[PDB]
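K.L.:
Starting off with a structure, shown below.
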Amino acid sequence: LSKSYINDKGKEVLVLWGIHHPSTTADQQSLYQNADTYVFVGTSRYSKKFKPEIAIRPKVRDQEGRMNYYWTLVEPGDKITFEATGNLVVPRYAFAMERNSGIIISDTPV
Amino acid sequence: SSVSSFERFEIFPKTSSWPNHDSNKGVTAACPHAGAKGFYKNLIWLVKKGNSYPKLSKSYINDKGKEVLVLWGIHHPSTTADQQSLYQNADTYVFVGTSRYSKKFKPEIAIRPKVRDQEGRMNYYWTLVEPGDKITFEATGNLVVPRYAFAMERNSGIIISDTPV
Amino acid sequence: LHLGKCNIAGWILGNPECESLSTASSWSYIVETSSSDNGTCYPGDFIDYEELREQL
């Protein structure tokens, strides 16, 4: 995989992806056919290295695997870069945002 | 720092837990029991039993109504000759997995400065076990398996002093 | 922005049980519920998740 995106807007672009962690080694070759996989995400500010671990996790919601989700910001004028050979969850939509607040857990109507 | 329901129980009994792994040869001179060679009390230093090392796979279901604290260690040997003499495995990896966390451990074999006549290191880690969660250990070497667990339930810090009790 | 029964991780990742949702062009705060269990339908370790809840 080799994808990129040039920020043609006048605001920050938020990109979310995921790193798949399969349970067994038989599930790695049945879904990606690659043992030694690596995921790279690189911007003008950050260059991260991702390495998925294949091990037996406890059964949560009838799933023996995990999936770590990551995120970064894209400056206006910066070009994001994706380069991976497996276990990459590519994004479909982006969240163009611009700000200068938190979370509320409640059951009140709107 | 503030535990009101402490119960020091044995998570893995030393009788019939690891029959294929030696739990007595893993001693050191820096941790003396009564002048002779020894190792930690709440930790078990597994070493090479014979000429190989079987794969470890242990688990524990939380059957109590409180949190269970589990401490383990990741051994970092000094030289590559000490890696094969104690574990007989070059590419080793340690996995610790719960319902909330799944960590990856990779020991580094390099020459450390001599501290307390020991050229090696041992990184200690910890996690919590929820009531109903099952811990998972899976490693092929350099794993310090726990002997006792600390069942705890809280809602304080540390004091360094020389005052009596 | 009100997400209903889904939390932030069910909205930023696109959980299929939160399809009936009309996201506005601007908001000031995000509202979760106490029974927000229909978020990450697949388990995992969301690294740097607490900073993403303040950015959006």
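By convention here, the chains of the structure tokens are called A, B, ... in the order presented, each chain's residues are numbered starting at 1, and ligands are numbered starting at 1 in the order presented.
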Using only C-alpha atoms, find which residues of chain C lie within 7 Å of chain A and jot them down as a list in words.
P.N.:
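Taken together, these residues fit the definition: residues 29, 30, 31, 32, 33, 34, 43, 44, 45, 46, 47, 53 and 54 of chain C.
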K.L.:
List the spatial neighbours of residue 10 (chain C) as an MDAnalysis selection string - criterion: any atom at most 7 Å away, only C-alpha atoms, same-chain residues fewer than 3 positions off excluded.
P.N.:
chainID C and resid 6:7 13:15 38:40
K.L.:
Would you pick out the contacts of region 107-112 of chain B at 7 Å or less, using only C-alpha atoms, so that residues sharing its chain but fewer than 2 positions from it are not included, and give the list as a list in words?
P.N.:
residues 74, 75, 76, 77, 78, 79, 80, 105, 114, 119 and 120 of chain B
K.L.:
Could you turn the residues from that selection into a file that holds C-alpha atoms, as a compact mmCIF listing (two decimals), in the first residue's frame?
P.N.:
# COMPACT_ATOMS: atom_id res chain seq x y z
CA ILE B 74 11.23 -9.27 31.83
CA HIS B 75 14.83 -10.46 32.09
CA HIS B 76 17.51 -8.63 30.08
CA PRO B 77 20.71 -10.72 29.95
CA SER B 78 24.10 -9.12 29.37
CA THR B 79 25.79 -11.19 26.66
CA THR B 80 24.51 -13.52 23.95
CA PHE B 105 7.66 -7.30 25.50
CA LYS B 114 28.17 -3.12 36.35
CA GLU B 119 25.86 -6.79 34.14
CA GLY B 120 22.20 -7.59 33.40
K.L.:
Just the helix (DSSP H, G or I) stuff from chain B, please, per backbone DSSP, written as a VMD selection string.
P.N.:
chain B and resid 80 to 86
K.L.:
Dump as JSON lines the rows for residues of chain A within 7 Å of chain B: closest atom pair and distance in Å with one decimal, only C-alpha atoms counted, ordered by chain and rising residue number.
P.N.:
{"residue": "A:53", "atom": "CA", "partner": "B:104", "partner_atom": "CA", "distance": 6.8}
{"residue": "A:57", "atom": "CA", "partner": "B:97", "partner_atom": "CA", "distance": 5.7}
{"residue": "A:58", "atom": "CA", "partner": "B:98", "partner_atom": "CA", "distance": 6.2}
{"residue": "A:60", "atom": "CA", "partner": "B:99", "partner_atom": "CA", "distance": 6.5}
K.L.:
Would you mind exporting the chosen residues as a PDB file, in the first residue's frame, restricted to C-alpha atoms?
P.N.:
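selection-v1.pdb, freshly written:
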ATOM      1  CA  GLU A  53       1.702  -8.670  17.756  1.00  0.00           C
ATOM      2  CA  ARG A  57      -6.000 -12.721  23.689  1.00  0.00           C
ATOM      3  CA  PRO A  58      -8.889 -13.417  26.085  1.00  0.00           C
ATOM      4  CA  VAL A  60     -14.062 -10.340  24.586  1.00  0.00           C
TER       5      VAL A  60
END
K.L.:
Quick one, how far is CA of residue 69 (chain B) from CA of residue 49 (chain B)?
P.N.:
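So the answer is 28.5 Å.
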K.L.:
If you run DSSP on the backbone here, which positions in chain B get strand (DSSP E)? Please write them as a VMD selection string.
P.N.:
chain B and resid 7 to 9 43 to 45 56 to 61 67 to 76 94 to 97 102 to 105 121 to 129 134 to 139 143 to 146 149 to 152
K.L.:
With a distance cut-off of 7 Å and only C-alpha atoms, select the neighbouring residues of residue 86 (chain B), excluding the residue or stretch itself and same-chain residues fewer than 3 positions from it, and output the selection as a list in words.
P.N.:
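Here the qualifying residues turn out to be residues 47, 48, 82 and 83 of chain B.
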K.L.:
Could you write out that same residue set with C-alpha atoms as a PDB file, in the first residue's frame?
P.N.:
ATOM      1  CA  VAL B  47      15.700 -21.133  33.402  1.00  0.00           C
ATOM      2  CA  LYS B  48      16.672 -23.820  30.900  1.00  0.00           C
ATOM      3  CA  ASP B  82      24.251 -15.869  28.732  1.00  0.00           C
ATOM      4  CA  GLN B  83      21.052 -15.953  26.654  1.00  0.00           C
TER       5      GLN B  83
END
K.L.:
Show me, as a VMD selection string, the residues that have an atom within 9 Å of region 27-44 of chain A when counting only C-alpha atoms, minus same-chain residues fewer than 3 positions from it.
P.N.:
chain A and resid 19 21 to 24 47 to 52 54 72 to 75 78 to 88
K.L.:
Just to confirm, what's the straight-line distance from CA of residue 66 (chain B) to CA of residue 153 (chain B) in Å (one decimal)?
P.N.:
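Spanning CA of residue 66 (chain B) to CA of residue 153 (chain B) is a straight-line distance of 5.5 Å.
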K.L.:
List the spatial neighbours of region 148-152 of chain B as a ChimeraX atom specification - criterion: any atom at most 7 Å away, only C-alpha atoms, same-chain residues fewer than 6 positions off excluded.
P.N.:
/B:3,5-12,42,66-70
K.L.:
Would you compute the distance between CA of residue 3 (chain C) and CA of residue 36 (chain C)? Give it in Å to one decimal.
P.N.:
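Those two atoms sit 9.7 Å apart.
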